[PDB]
Amino acid sequence: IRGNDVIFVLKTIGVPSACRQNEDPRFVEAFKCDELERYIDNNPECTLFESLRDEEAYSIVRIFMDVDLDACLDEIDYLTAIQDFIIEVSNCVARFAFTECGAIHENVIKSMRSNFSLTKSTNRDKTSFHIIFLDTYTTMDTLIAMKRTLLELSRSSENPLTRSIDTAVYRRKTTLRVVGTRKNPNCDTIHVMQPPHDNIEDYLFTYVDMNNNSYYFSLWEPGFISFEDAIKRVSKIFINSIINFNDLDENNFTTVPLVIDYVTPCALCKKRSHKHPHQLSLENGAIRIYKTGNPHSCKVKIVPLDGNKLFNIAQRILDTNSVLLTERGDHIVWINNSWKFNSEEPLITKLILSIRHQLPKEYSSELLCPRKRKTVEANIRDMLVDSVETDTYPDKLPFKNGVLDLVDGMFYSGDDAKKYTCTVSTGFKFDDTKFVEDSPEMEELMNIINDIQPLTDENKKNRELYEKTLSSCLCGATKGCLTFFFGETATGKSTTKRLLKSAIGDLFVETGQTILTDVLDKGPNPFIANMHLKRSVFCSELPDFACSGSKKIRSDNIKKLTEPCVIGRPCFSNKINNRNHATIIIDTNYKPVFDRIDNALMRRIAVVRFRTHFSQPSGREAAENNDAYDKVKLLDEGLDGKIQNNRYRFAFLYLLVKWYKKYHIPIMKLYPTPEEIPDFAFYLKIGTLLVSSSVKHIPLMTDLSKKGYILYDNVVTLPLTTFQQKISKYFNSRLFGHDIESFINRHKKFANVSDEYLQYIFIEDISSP
Amino acid sequence: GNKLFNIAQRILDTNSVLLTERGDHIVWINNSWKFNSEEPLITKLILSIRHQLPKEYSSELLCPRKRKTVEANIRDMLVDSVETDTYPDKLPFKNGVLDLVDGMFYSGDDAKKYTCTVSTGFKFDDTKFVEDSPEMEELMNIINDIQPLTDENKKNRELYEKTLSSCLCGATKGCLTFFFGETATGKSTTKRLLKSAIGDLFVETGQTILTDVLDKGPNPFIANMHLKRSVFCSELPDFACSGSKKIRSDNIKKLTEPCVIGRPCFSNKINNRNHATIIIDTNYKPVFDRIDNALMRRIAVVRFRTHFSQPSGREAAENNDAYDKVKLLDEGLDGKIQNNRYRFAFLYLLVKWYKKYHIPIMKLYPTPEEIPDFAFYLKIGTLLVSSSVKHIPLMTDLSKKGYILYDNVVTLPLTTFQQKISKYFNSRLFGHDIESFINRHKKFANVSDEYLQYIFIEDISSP
Amino acid sequence: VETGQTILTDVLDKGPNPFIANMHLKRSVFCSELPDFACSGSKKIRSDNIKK
Amino acid sequence: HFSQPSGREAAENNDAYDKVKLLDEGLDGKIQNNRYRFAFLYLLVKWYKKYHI
Amino acid sequence: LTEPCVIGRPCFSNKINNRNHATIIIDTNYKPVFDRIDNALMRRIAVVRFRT
Ligand SMILES: Nc1ncnc2c1ncn2[C@@H]1O[C@H](COP(=O)(O)OP(=O)(O)NP(=O)(O)O)[C@@H](O)[C@H]1O
Ligand SMILES: Nc1ncnc2c1ncn2[C@@H]1O[C@H](COP(=O)(O)OP(=O)(O)NP(=O)(O)O)[C@@H](O)[C@H]1O
Ligand SMILES: [Mg+2]
Ligand SMILES: [Zn+2]
């Protein structure tokens with residue numbers, strides 16, 4: 001809504017609703033930056049509060065909090081406290097935004113932690129301030145919802161600043177004090193600004209200046225603890241007996257000073273003795289222990305009265321969005337700049353141990369006992385209810401140390417890569433130095449590629465399709481066609497398989513022929529179960545069926561593999577569905593033959609040609625005489641070893657990325673080539689030469705009758721003997737009699753005359769006069 | 001005392017955990033009965049219902065040991081079992097239940113009463129269940145193209161609507177329907193329309209149970225089709241093959257019972273519930289191993305006429321025998337339907353047809369007139385009549401027509417009966433059927449005489 | 001309880017047989033849709049199966 | 001036989017039947033809802049006493 | 001069997017992939033007879049003869 005730049009101000013607290021509606025200038029005002037500054041300057045002792053003029057259109061506000069701690073802290077304690085407070089509050093708000101407002105935890109963290117205005121009250125007995133997050137915007141109903149979780153965080157933390165969060169001022173018509181202005185006419189203390197923020201729009205929670213680095217999102221109690229245990233905790237922290245004992249009741253808790261015999265130095269500040277004795281106060285369900293008189297002689301102490309420490313630790317670990325539950329009931333953790341999941345060995349305890357550095361020291365020491373880490377893991381599993389979607393951005397290449405942007409070539413490492421929840425990684429680290437164009441390895445790889453597929457004019461299209469198929473493996477989406485690497489021996493299909501394996505790493509799996517032969521549903525099929533979020537799978541050495549004795553590759557499997565999802569379950573699992581981002585590549589020396597052929601199969605089969613031979617010098621002319629190759633090149637033997645050494649990995653990766661960039665016109669697809677595999681040629685020629693019967697061709701019987709055709713009940717039918725006599729001049733029986741009878745029975749209708757009749761006419765006959 | 005026992009009693013009072021007749025538990029978290037046995041959800045539920053508890057009780061549920069103790073108490077207190085989803089007129093969506101009687105959808109505790117485990121797998125939105133939409137108008141045009149509203153295609157349209165709408169009812173269906181067409185006549189179009197519509201309650205498969213023997217087998221499909229409201233059987237392999245297996249009438253009858261007998265893969269369960277509307281889409285004419293009166297009662301046929309042709313193939317496809325209308329293709333139609341745009345509009349259309357055809361029952365009625373061999377089998381009965389007492393007094397007067405008398409019963413010799421019937425059907429096509437009828441209704445008394453207790457209707461009619 | 005036709009057609013001992021195993025202490029057993037012998041090559045009911 | 005009123009005459013001439021009645025469309029649902037459970041149980045017990053002296 | 005990776009897992013162990021560092025030798029009294037003969041298979045078979 002482009003925000004607002006007018007500041008609405010009330011003067012006196014408790015102004016009437018009638019006065020607010022009438023907008024009487026005696027109390028109601030509206031200014032801009034310069035007008036506000038001039039008003040504050042000219043009128044020094046005027047009260048100034050900020051509110052919302054409209055809750056129906058300008059509900060957009062910033063993220064703000066109020067903290068007031070009734071104690072004095074020195075500089076170092078103040079700095080560590082504010083650091084911990086910022087981290088905890090930003091994590092809590094980001095987790096709430098992610099889990100309720102549908103926002104993104106990482107941009108929320110970035111916007112809240114980039115900059116903030118932090119004032120300081122001129123009063124010296126206490127530490128109070130307002131904090132404004134400039135670049136985070138949301139509606140007021142969002143704060144309405146945030147109230148509960150912010151109160152829970154306030155109640156469940158030891159930090160004085162976080163514990164002293166004012167959970168009010170999150171209501172309707174909420175009014176915030178204006179900086180530099182007294183709250184009461186009879187008081188003098190005010191709030192003053194702190195560097196590097198010096199202007200006045202930096203401290204107003206309604207002023208909106210949305211820019212690039214911005215983000216917006218939208219949608220003694222008897223139950224605390226036994227009093228004896230509370231006093232026991234106080235004494236146990238004191239580490240010394242108390243002179244005034246058995247006289248402090250529940251009623252005189254906040255009145256009677258406490259006196260300590262200084263046998264051991266006061267553990268709060270290690271000082272040998274204190275002039276004035278120590279006293280207790282009850283704030284927000286915690287006992288604050290302080291010393292009267294000197295504000296810096298003793299460090300203030302916090303004793304909680306409720307909650308569970310190992311539950312607070314688990315909540316703090318959970319609200320960093322580093323453990324998540326997927327739609328398949330598996331827990332993914334963010335360790336070492338990657339998303340990892342392992343059903344065999346859960347990694348939650350590893351995450352708990354590793355994440356202790358991003359937690360306050362009080363919670364840090366508890367995460368060293370394996371028993372307590374197991375307790376925290378048990379808490380986390382119970383809190384993780386509901387699931388989240390993963391791997392939804394098909395433009396990113398996930399490396400073990402980050403994410404490479406395919407549309408740009410920019411590498412994101414660390415938290416920047418955390419947004420893209422890519423749960424499968426190549427397994428190795430990206431390297432920008434080795435991801436360069438000019439390199440001797442690059443020239444060697446270009447030589448190899450041009451050797452395997454020449455750039456000749458005849459080969460041009462096949463080489464381009466080679467590039468297309470190799471590039472589309474990088475796509476994280478689902479493609480609608482398979483690729484067959486058909487070629488003769490010693491031609492480089494296994495070499496390019498090894499090249500892709502080295503280039504893609506763990507985003508690559510090799511499976512057997514069971515996928516192409518057996519039923520995919522069946523029972524336990526870990527081969528199908530291994531294609532989860534893969535991008536390149538390989539089936540090698542398809543057992544071709546030139547001789548009878550083996551079940552042919554079934555069409556059902558190849559139709560099912562094209563689907564965006566695949567139905568299949570592993571051993572001892574309940575999930576039945578896995579996403580199909582993988583490109584299915586099968587290596588064979590022979591033409592595959594499918595059991596059932598129909599129309600749809602001409603939209604799924606793309607094959608790649610290999611016509612280059614690498615041979616020993618002895619078989620030079622022996623290979624040259626063969627027509628299986630169009631060129632013979634000498635064979636290099638250490639090339640396999642150096643490829644196994646992953647020497648060409650980054651060169652081939654750069655080449656693939658450039659191919660993807662070139663081929664990636666907005667959205668990309670794959671197209672079959674149903675003219676190379678020979679078993680489809682039968683049906684192609686039959687379709688281009690034979691068509692079914694017709695009813696709209698009824699006023700065209702003259703030429704058919706002149707040729708010799710007969711008419712019956714408006715359906716063209718002819719005997720089988722003359723069908724064979726007519727077809728004997730196009731197809732030979734000794735060639736494909738099995739296929740001939742196959743389609744004959746497929747289209748048999750029987751009836752008519754005294755023999756079977758079929759609904760078929762010849763395209764050549766109707767084409768001829 | 002025993003705060004933990006009190007907590008367990010309080011939780012069990014809300015009926016959030018149930019024990020089903022499979023020796024397993026179902027829990028209600030996130031407004032859905034998510035049965036899970038591999039990993040229990042009871043501790044998750046215990047931690048979830050924590051703020052609906054007194055403050056002196058909420059603090060004890062933060063310890064995993066105490067949560068496990070409460071779960072053990074609940075497991076010991078359950079004891080009894082309940083029945084799973086029994087309401088047929090309730091469609092369960094991932095976030096509630098939709099009553100088809102008033103088309104009203106409700107979630108929360110109001111949807112807890114209908115203990116439905118199976119679900120569509122996708123959420124339901126209130127603001128897209130509307131009559132007016134670009135999706136609505138485009139879908140209406142598509143259906144009006146596929147099934148024209150002309151008075152010739154009236155009963156076919158009614159059958160299409162009824163069978164399509166029956167996929168929502170959670171009862172058992174007594175008929176198997178056929179989608180008959182020639183080539184690309186919207187078959188897979190309406191199949192993928194249903195897949196987009198319901199989802200996770202529709203199973204697409206080819207042959208298997210339709211072709212093989214159901215019993216004496218480890219076949220998984222029979223267990224797969226448990227509590228699924230729609231099942232499609234496609235790509236039937238042209239049983240007019242002379243070498244390929246036929247269709248079993250016993251298989252058809254097994255598929256048309258409230259309970260289906262099957263042995264999934266490795267377990268010992270042998271019975272499963274049948275709710276699916278089994279739809280079989282074929283181009284070639286199906287042929288059964290053995291047809292009879294009982295089989296003819298369980299088959300319905302829906303014919304597909306209007307076809308779509310590309311601009312280039314328009315002249316090629318504009319002349320077809322079984323075509324009735326020619327229209328144009330659409331390259332982005334399949335991707336667009338996979339974009340789930342027509343989902344809720346087609347749900348509303350299915351609900352409307354369901355309300356139309358429940359008055360107040362939607363029993364599926366067989367249509368045997370479409371199948372020509374069924375027509376031959378029934379015309380044999382219409383052109384004949386079994387011998388009865390009314391034919392006894394005739395005797396000699398009817399025997400003058402070319403018949404004889406056997407035990408005061410009008411009888412015809414087998415050879416003369418064959419000569420008489422040979423002038424109606426085609427011998428080449430119906431020789432096996434004639435042999436089948438002869439061996440199915442034969443009567444013998446001695447070495448020579450062979451009796452048939454049937455008389456032609458035209459012989460009786462003619463003076 | 002309801003069971004398939006294998007009870008009358010196939011070998012009772014063989015390997016596993018939950019169809020037979022489920023008849024423990026059941027007061028009534030039903031089998032439906034007898035496989036008409038009108039199809040050549042069909043199986044036959046076993047007299048020893050009846051006796052067992 | 002229990003038939004619809006259209007094919008009633010077509011199936012009457014069959015010798016496999018001695019009687020023909022009108023098919024009832026509510027029997028399946030009424031049985032599925034366990035309406036006749038205790039009535040059939042009472043008849044079964046009466047027949048048991050009759051035929052097991 | 002000549003590829004650098006093989007698939008198979010032990011009992012009570014979720015480890016599937018195995019490396020292929022092996023020289024595969026088969027000692028026989030008879031020459032092997034293969035179902036399919038092609039130019040590719042000829043690149044993977046060698047025979048040593050024992051004649052004492
Ligand atoms: N550009 C190249 N320059 C030199 N040697 C090469 C080149 N490309 C491949 N080779 C080598 O030539 C041989 C070809 O073997 P291979 O890669 O297995 O082909 P192939 O078609 O997969 N053999 P096969 O699986 O039996 O059909 C290997 O030793 C490669 O290292
Ligand atoms: N109303 C329409 N307008 C334009 N194109 C349409 C329309 N309806 C269908 N089509 C197209 O025509 C095709 C018809 O094919 P369809 O009948 O659904 O599959 P099919 O070929 O019969 N499957 P199968 O029977 O196994 O061969 C659809 O896939 C669409 O591409
Ligand atoms: Mg190879
Ligand atoms: Zn001290």
# chains A, B, ... in the order shown; residues from 1 in each chain; ligands from 1

$ residues_near_ligand --ligand "ligand 4" --cutoff "10 Å" --atoms "only C-alpha atoms and all ligand atoms" --output "ChimeraX atom specification"
/A:238,265-275,277-278,289-291,296-301

$ residues_near_ligand --ligand "ligand 1" --cutoff "9 Å" --atoms "only C-alpha atoms and all ligand atoms" --output "MDAnalysis selection string"
(chainID A and resid 444:445 447:452 486:498 540:541 587:589 610 612:615 633:641 643) or (chainID E and resid 39:44)

$ residues_near_ligand --ligand "ligand 2" --cutoff "9 Å" --atoms "only C-alpha atoms and all ligand atoms" --output "JSON, numbers by chain"
{"A": [598, 599, 600], "B": [138, 139, 141, 142, 143, 144, 145, 146, 181, 182, 183, 184, 185, 186, 187, 188, 189, 190, 191, 192, 234, 235, 281, 282, 283, 307, 308, 309, 310, 327, 328, 329, 330, 331, 332, 333, 334]}

$ interface_residues --of "chain E" --to "chain A" --cutoff "12 Å" --atoms "only C-alpha atoms" --output "list in words"
residues 1, 2, 3, 4, 5, 6, 7, 8, 9, 12, 13, 14, 15, 16, 17, 35, 36, 37, 38, 39, 40, 41, 42, 43 and 44 of chain E

$ select_by_dssp --residues "chain D" --states "helix (DSSP H, G or I)" --output "tab-separated table (two decimals) with N, CA and C atoms, in the first residue's frame"
chain	number	residue	atom	x	y	z
D	8	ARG	N	-40.27	-58.55	-17.08
D	8	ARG	CA	-41.03	-59.55	-16.33
D	8	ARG	C	-41.62	-60.59	-17.26
D	9	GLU	N	-42.27	-60.15	-18.34
D	9	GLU	CA	-42.85	-61.09	-19.29
D	9	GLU	C	-41.77	-61.84	-20.06
D	10	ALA	N	-40.64	-61.18	-20.33
D	10	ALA	CA	-39.55	-61.84	-21.04
D	10	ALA	C	-38.98	-62.99	-20.23
D	11	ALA	N	-38.85	-62.81	-18.92
D	11	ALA	CA	-38.31	-63.85	-18.05
D	11	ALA	C	-39.37	-64.80	-17.51
D	12	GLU	N	-40.66	-64.49	-17.70
D	12	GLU	CA	-41.70	-65.39	-17.23
D	12	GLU	C	-41.69	-66.71	-18.00
D	27	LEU	N	-34.18	-53.51	-0.23
D	27	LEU	CA	-33.77	-54.69	0.54
D	27	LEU	C	-32.28	-54.65	0.86
D	28	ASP	N	-31.46	-54.26	-0.12
D	28	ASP	CA	-30.01	-54.26	0.08
D	28	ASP	C	-29.62	-53.31	1.20
D	29	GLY	N	-30.14	-52.08	1.17
D	29	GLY	CA	-29.81	-51.12	2.21
D	29	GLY	C	-30.36	-51.52	3.56
D	30	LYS	N	-31.60	-52.02	3.59
D	30	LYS	CA	-32.19	-52.44	4.86
D	30	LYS	C	-31.39	-53.58	5.49
D	31	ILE	N	-30.92	-54.52	4.68
D	31	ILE	CA	-30.08	-55.60	5.19
D	31	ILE	C	-28.74	-55.06	5.66
D	32	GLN	N	-28.14	-54.16	4.87
D	32	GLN	CA	-26.85	-53.58	5.24
D	32	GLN	C	-26.92	-52.80	6.55
D	37	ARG	N	-31.76	-58.35	11.74
D	37	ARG	CA	-30.79	-59.21	12.41
D	37	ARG	C	-31.45	-60.07	13.48
D	38	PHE	N	-32.18	-59.45	14.40
D	38	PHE	CA	-32.75	-60.20	15.50
D	38	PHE	C	-33.98	-61.00	15.08
D	39	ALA	N	-34.72	-60.55	14.07
D	39	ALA	CA	-35.82	-61.36	13.55
D	39	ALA	C	-35.30	-62.64	12.92
D	40	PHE	N	-34.25	-62.54	12.10
D	40	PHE	CA	-33.67	-63.74	11.52
D	40	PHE	C	-33.05	-64.63	12.59
D	41	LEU	N	-32.45	-64.03	13.62
D	41	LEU	CA	-31.90	-64.83	14.71
D	41	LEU	C	-33.00	-65.60	15.44
D	42	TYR	N	-34.14	-64.95	15.69
D	42	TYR	CA	-35.25	-65.64	16.34
D	42	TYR	C	-35.77	-66.79	15.48
D	43	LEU	N	-35.91	-66.56	14.17
D	43	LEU	CA	-36.35	-67.65	13.30
D	43	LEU	C	-35.34	-68.79	13.30
D	44	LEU	N	-34.04	-68.46	13.29
D	44	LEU	CA	-33.01	-69.50	13.30
D	44	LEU	C	-33.06	-70.32	14.57
D	45	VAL	N	-33.27	-69.68	15.72
D	45	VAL	CA	-33.35	-70.43	16.97
D	45	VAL	C	-34.60	-71.31	17.00
D	46	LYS	N	-35.72	-70.79	16.48
D	46	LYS	CA	-36.93	-71.60	16.41
D	46	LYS	C	-36.72	-72.83	15.53
D	47	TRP	N	-36.10	-72.65	14.37
D	47	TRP	CA	-35.80	-73.78	13.49
D	47	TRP	C	-34.82	-74.75	14.14
D	48	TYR	N	-33.85	-74.23	14.90
D	48	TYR	CA	-32.91	-75.10	15.60
D	48	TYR	C	-33.64	-76.01	16.57
D	49	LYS	N	-34.53	-75.43	17.39
D	49	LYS	CA	-35.33	-76.25	18.30
D	49	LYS	C	-36.20	-77.24	17.54
D	50	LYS	N	-36.70	-76.85	16.37
D	50	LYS	CA	-37.57	-77.74	15.61
D	50	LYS	C	-36.81	-78.92	15.03
D	51	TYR	N	-35.62	-78.69	14.48
D	51	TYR	CA	-34.92	-79.69	13.69
D	51	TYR	C	-33.77	-80.37	14.43

$ residues_around --residues "residue 7 of chain D" --least-positions-apart "2" --cutoff "12 Å" --atoms "only C-alpha atoms" --output "VMD selection string"
(chain B and resid 297 378 382) or (chain D and resid 1 to 5 9 to 14 20 to 23)

$ write_last_selection --atoms "N, CA and C atoms" --output "PDB file, in the first residue's frame"
ATOM      1  N   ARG B 297     -26.565 -59.174 -16.415  1.00  0.00           N
ATOM      2  CA  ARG B 297     -27.165 -58.258 -15.454  1.00  0.00           C
ATOM      3  C   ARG B 297     -26.172 -57.282 -14.836  1.00  0.00           C
ATOM      4  N   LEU B 378     -29.761 -62.951 -26.249  1.00  0.00           N
ATOM      5  CA  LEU B 378     -31.121 -62.622 -25.841  1.00  0.00           C
ATOM      6  C   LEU B 378     -32.131 -62.758 -26.974  1.00  0.00           C
ATOM      7  N   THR B 382     -35.745 -64.510 -27.154  1.00  0.00           N
ATOM      8  CA  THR B 382     -36.955 -63.821 -27.600  1.00  0.00           C
ATOM      9  C   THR B 382     -37.627 -64.545 -28.761  1.00  0.00           C
TER      10      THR B 382
ATOM     11  N   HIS D   1     -38.045 -65.925  -9.109  1.00  0.00           N
ATOM     12  CA  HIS D   1     -37.360 -64.798  -9.718  1.00  0.00           C
ATOM     13  C   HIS D   1     -37.924 -63.484  -9.195  1.00  0.00           C
ATOM     14  N   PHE D   2     -37.048 -62.488  -9.088  1.00  0.00           N
ATOM     15  CA  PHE D   2     -37.410 -61.134  -8.686  1.00  0.00           C
ATOM     16  C   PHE D   2     -36.960 -60.195  -9.797  1.00  0.00           C
ATOM     17  N   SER D   3     -37.917 -59.622 -10.522  1.00  0.00           N
ATOM     18  CA  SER D   3     -37.617 -58.911 -11.753  1.00  0.00           C
ATOM     19  C   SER D   3     -38.216 -57.511 -11.756  1.00  0.00           C
ATOM     20  N   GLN D   4     -37.598 -56.654 -12.562  1.00  0.00           N
ATOM     21  CA  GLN D   4     -38.169 -55.358 -12.876  1.00  0.00           C
ATOM     22  C   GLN D   4     -39.438 -55.555 -13.707  1.00  0.00           C
ATOM     23  N   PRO D   5     -40.330 -54.558 -13.757  1.00  0.00           N
ATOM     24  CA  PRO D   5     -41.597 -54.779 -14.453  1.00  0.00           C
ATOM     25  C   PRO D   5     -41.518 -54.668 -15.970  1.00  0.00           C
ATOM     26  N   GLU D   9     -42.274 -60.151 -18.339  1.00  0.00           N
ATOM     27  CA  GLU D   9     -42.849 -61.095 -19.289  1.00  0.00           C
ATOM     28  C   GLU D   9     -41.771 -61.838 -20.063  1.00  0.00           C
ATOM     29  N   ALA D  10     -40.641 -61.181 -20.335  1.00  0.00           N
ATOM     30  CA  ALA D  10     -39.551 -61.841 -21.044  1.00  0.00           C
ATOM     31  C   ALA D  10     -38.976 -62.992 -20.229  1.00  0.00           C
ATOM     32  N   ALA D  11     -38.848 -62.808 -18.915  1.00  0.00           N
ATOM     33  CA  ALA D  11     -38.310 -63.846 -18.047  1.00  0.00           C
ATOM     34  C   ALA D  11     -39.371 -64.796 -17.508  1.00  0.00           C
ATOM     35  N   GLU D  12     -40.656 -64.492 -17.701  1.00  0.00           N
ATOM     36  CA  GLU D  12     -41.704 -65.394 -17.233  1.00  0.00           C
ATOM     37  C   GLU D  12     -41.694 -66.711 -17.999  1.00  0.00           C
ATOM     38  N   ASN D  13     -41.440 -66.658 -19.308  1.00  0.00           N
ATOM     39  CA  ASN D  13     -41.475 -67.862 -20.130  1.00  0.00           C
ATOM     40  C   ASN D  13     -40.337 -68.826 -19.824  1.00  0.00           C
ATOM     41  N   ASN D  14     -39.334 -68.402 -19.059  1.00  0.00           N
ATOM     42  CA  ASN D  14     -38.251 -69.296 -18.676  1.00  0.00           C
ATOM     43  C   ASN D  14     -38.771 -70.403 -17.767  1.00  0.00           C
ATOM     44  N   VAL D  20     -42.662 -65.410 -10.104  1.00  0.00           N
ATOM     45  CA  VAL D  20     -42.035 -64.139 -10.447  1.00  0.00           C
ATOM     46  C   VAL D  20     -42.634 -63.053  -9.566  1.00  0.00           C
ATOM     47  N   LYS D  21     -41.772 -62.256  -8.941  1.00  0.00           N
ATOM     48  CA  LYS D  21     -42.189 -61.158  -8.084  1.00  0.00           C
ATOM     49  C   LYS D  21     -41.504 -59.877  -8.537  1.00  0.00           C
ATOM     50  N   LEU D  22     -41.988 -58.756  -8.013  1.00  0.00           N
ATOM     51  CA  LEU D  22     -41.400 -57.461  -8.320  1.00  0.00           C
ATOM     52  C   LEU D  22     -40.150 -57.247  -7.478  1.00  0.00           C
ATOM     53  N   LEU D  23     -39.066 -56.838  -8.131  1.00  0.00           N
ATOM     54  CA  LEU D  23     -37.815 -56.592  -7.429  1.00  0.00           C
ATOM     55  C   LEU D  23     -37.961 -55.391  -6.504  1.00  0.00           C
TER      56      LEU D  23
END

$ interface_residues --of "chain A" --to "chain B" --cutoff "10 Å" --atoms "only C-alpha atoms" --output "JSON, numbers by chain"
{"A": [222, 223, 224, 225, 306, 307, 308, 309, 310, 311, 312, 329, 375, 376, 378, 379, 381, 382, 383, 384, 385, 386, 521, 522, 523, 556, 572, 573, 574, 596, 598, 599, 691, 692, 693, 694, 695, 696, 697, 698, 714, 715, 716, 741, 742, 743, 744, 745, 746, 747, 748, 749, 750, 751, 752, 753, 754, 755, 756, 759]}

$ residues_around --residues "segment 35-44 of chain C" --least-positions-apart "2" --cutoff "12 Å" --atoms "only C-alpha atoms" --output "MDAnalysis selection string"
(chainID B and resid 213:215 246:254 288:292 432:433 435:441) or (chainID C and resid 4:10 31:33 46:50)

$ write_last_selection --atoms "C-alpha atoms" --output "compact mmCIF listing (two decimals), in the first residue's frame"
# COMPACT_ATOMS: atom_id res chain seq x y z
CA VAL B 213 -7.52 -65.65 -12.14
CA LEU B 214 -8.39 -63.85 -8.91
CA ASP B 215 -7.84 -66.75 -6.50
CA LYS B 246 -10.31 -63.85 -22.40
CA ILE B 247 -12.43 -62.10 -19.74
CA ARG B 248 -13.82 -64.26 -16.94
CA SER B 249 -17.49 -64.02 -15.99
CA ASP B 250 -16.47 -65.39 -12.60
CA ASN B 251 -14.04 -62.48 -12.34
CA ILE B 252 -16.84 -60.04 -13.19
CA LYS B 253 -19.11 -61.58 -10.55
CA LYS B 254 -16.33 -61.49 -7.94
CA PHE B 288 -16.00 -62.93 -22.54
CA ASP B 289 -15.04 -66.54 -21.91
CA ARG B 290 -18.66 -67.45 -21.12
CA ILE B 291 -21.79 -65.30 -21.19
CA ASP B 292 -25.14 -66.02 -19.56
CA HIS B 432 -19.26 -72.20 -31.13
CA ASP B 433 -22.24 -70.47 -29.51
CA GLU B 435 -22.49 -75.91 -29.76
CA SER B 436 -22.41 -74.19 -26.36
CA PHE B 437 -26.20 -73.85 -26.28
CA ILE B 438 -26.60 -77.49 -27.33
CA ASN B 439 -24.32 -78.78 -24.58
CA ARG B 440 -25.88 -76.35 -22.08
CA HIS B 441 -29.54 -77.29 -22.66
CA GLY C 4 -12.63 -68.56 -2.38
CA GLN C 5 -12.95 -71.65 -4.54
CA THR C 6 -9.37 -72.83 -3.95
CA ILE C 7 -10.68 -74.75 -0.92
CA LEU C 8 -12.45 -77.14 -3.31
CA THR C 9 -9.94 -77.02 -6.17
CA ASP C 10 -6.31 -76.87 -5.06
CA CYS C 31 -18.18 -69.86 -1.16
CA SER C 32 -19.76 -68.24 -4.20
CA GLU C 33 -19.61 -68.17 -8.01
CA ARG C 46 -11.70 -82.81 -5.59
CA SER C 47 -13.46 -85.66 -3.80
CA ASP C 48 -10.56 -85.98 -1.37
CA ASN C 49 -10.93 -82.25 -0.70
CA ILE C 50 -14.60 -82.81 0.14

$ atom_distance --atom1 "atom CA of residue 28 of chain A" --atom2 "atom CA of residue 121 of chain A"
25.6 Å

$ atom_distance --atom1 "atom CA of residue 6 of chain A" --atom2 "atom CA of residue 165 of chain A"
28.2 Å

$ residues_around --residues "residue 120 of chain B" --least-positions-apart "5" --cutoff "9 Å" --atoms "only C-alpha atoms" --output "NGL selection string"
:B and (91-94 or 197-202)

$ residues_around --residues "residue 136 of chain B" --least-positions-apart "2" --cutoff "12 Å" --atoms "only C-alpha atoms" --output "list in words"
residues 128, 129, 130, 131, 132, 133, 134, 138, 139, 140, 141, 142, 143, 341, 342, 343, 344, 345, 346, 347, 348 and 349 of chain B

$ residues_around --residues "residue 740 of chain A" --least-positions-apart "4" --cutoff "12 Å" --atoms "only C-alpha atoms" --output "NGL selection string"
:A and (682-683 or 686 or 723-724 or 727-728 or 730-736 or 744-748)

$ interface_residues --of "chain B" --to "chain D" --cutoff "9 Å" --atoms "only C-alpha atoms" --output "PDB file with C-alpha atoms, in the first residue's frame"
ATOM      1  CA  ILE B 361     -31.236 -43.966  -4.721  1.00  0.00           C
ATOM      2  CA  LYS B 363     -28.572 -48.023  -8.187  1.00  0.00           C
ATOM      3  CA  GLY B 381     -34.548 -66.331 -26.063  1.00  0.00           C
ATOM      4  CA  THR B 382     -36.955 -63.821 -27.600  1.00  0.00           C
ATOM      5  CA  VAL B 385     -40.021 -70.082 -25.719  1.00  0.00           C
ATOM      6  CA  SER B 386     -39.585 -72.926 -23.255  1.00  0.00           C
ATOM      7  CA  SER B 387     -42.177 -75.686 -23.400  1.00  0.00           C
ATOM      8  CA  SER B 388     -44.878 -75.272 -20.757  1.00  0.00           C
TER       9      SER B 388
END
